[PDB]
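Have a look below at one chain only, the form deposited in one PDB entry, in structure tokens format.
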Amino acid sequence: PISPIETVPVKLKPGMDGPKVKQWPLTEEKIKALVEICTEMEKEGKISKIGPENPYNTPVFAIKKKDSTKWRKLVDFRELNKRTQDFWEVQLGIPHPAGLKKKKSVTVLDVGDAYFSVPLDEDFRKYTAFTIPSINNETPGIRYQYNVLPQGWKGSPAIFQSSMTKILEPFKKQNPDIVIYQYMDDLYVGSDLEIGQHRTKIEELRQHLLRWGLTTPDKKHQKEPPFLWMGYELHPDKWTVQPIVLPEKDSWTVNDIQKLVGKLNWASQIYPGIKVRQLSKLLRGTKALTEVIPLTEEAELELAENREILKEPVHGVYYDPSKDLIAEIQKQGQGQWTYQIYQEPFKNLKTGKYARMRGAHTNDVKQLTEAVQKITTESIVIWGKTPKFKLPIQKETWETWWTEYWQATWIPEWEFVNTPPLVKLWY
């Protein structure tokens, strides 16, 4: 493509040097795929080899987007983002529609191929350097830097925003009810249409974007495949902050009423208007744990009142756009995971529960990875930004295998926890 307007001048935060991040070691298989991909990109002007005078580095990974046959390069621009986008969230920020979360169906479209046309600022190219590593330190890595807007960079859709809103406008006029939102490499398209028409309307957009130059390889063929559900089609109407259920038993043992209640007494840190005392008067006899204790009048009156009080959500819990989002996840067994998204402790902006299957075909790391992506997509749709996870996993075993079931293009901030709670079935 012809070089358009000269390269958009890109500056960074005052006194912030480029990213200098070490390159994770990779399998031979991945280095091979990374090599093919890069000599193919270099062959197309997208990237160029660099010298020892470029001291910066940004990690690279080989994932499998279609995971069918061919690989896909995933640059991790988390560090460079923090060093540039913080002044490209300000200088060129894309506005986040608060209505996207209310649409009946939201489809995600990868439009990452768009950027590969536009040149990047010559003076800025240096900071996009990445290294294809060598096994056993045989050869110093293969070093490239970008010549066009890199995928994974937040600064790319910011620079491409005008061109994108222009391509989209003649579709937004025909369909004024459809909310379209560009987060990085993806468009989030949400309509209140019925499922059948919503997909037909997405295909109209795919073809519209195509006859203006943009490809969107995520579709494959809808005609004749084997049994396989779509990659991404969300329904944010379901997404709320779920209430915590108390055990429904026909009779109660001391132990039952002692494991009481499912986060009560700590729920008093979430729902402050709770009295447990007239339930604590139901034992006081140094009883055998397995002994059955009958209900009294005042005991039921502090249960029924402490039950409908949990189905009435917290008050004063609002989103703070200056505070980062925090997502904690708890492994629950039986192929199930519970999570919470918050900013200040016990003030939950969102809670949900991921569920894969009964088991015997899916391991922990796969589940957690899918859960982190699943949560992150909720965070994007809802607040326009991603959370910082506190993962129930050893650091190195995540840093080894996270890229194995990672189908997403963005990457959230990690963090690893070491102390388990008693708050397992408290959720």
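The first residue of the shown sequence is 1; numbering continues from there. Think of the rigid core as the biggest set of C-alphas that the two forms share within 1.5 Å after superposition.
Here the subject shifts to the form deposited in another entry, a form of this protein not shown in this document.
Chemist: Once the two forms are fit on the core, has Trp88 moved its CA by at least 2 Å between the shown form and the other one?
Modeler: Yes: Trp88 shifts by at least 2 Å between the shown form and the other one.
Chemist: With both forms fitted on the core, check whether the Cα of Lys70 differs by 2 Å or more between the shown form and the other one.
Modeler: Yes, its C-alpha moves 2 Å or more.
Chemist: Superposing on the rigid core, is the CA of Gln242 displaced by 2 Å or more between the shown form and the other one?
Modeler: Moves: yes, 2 Å or greater.
Chemist: Closer or farther: how do the Cα atoms of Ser156 and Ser68 compare in that other deposited form relative to this form, given a change of at least 3 Å?
Modeler: Relative to this form, closer in that other deposited form.
Chemist: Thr403 to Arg358, Cα distance in that other deposited form relative to here: closer or farther, by 3 Å or more?
Modeler: Here the pair is farther apart than in that other deposited form; there, closer.
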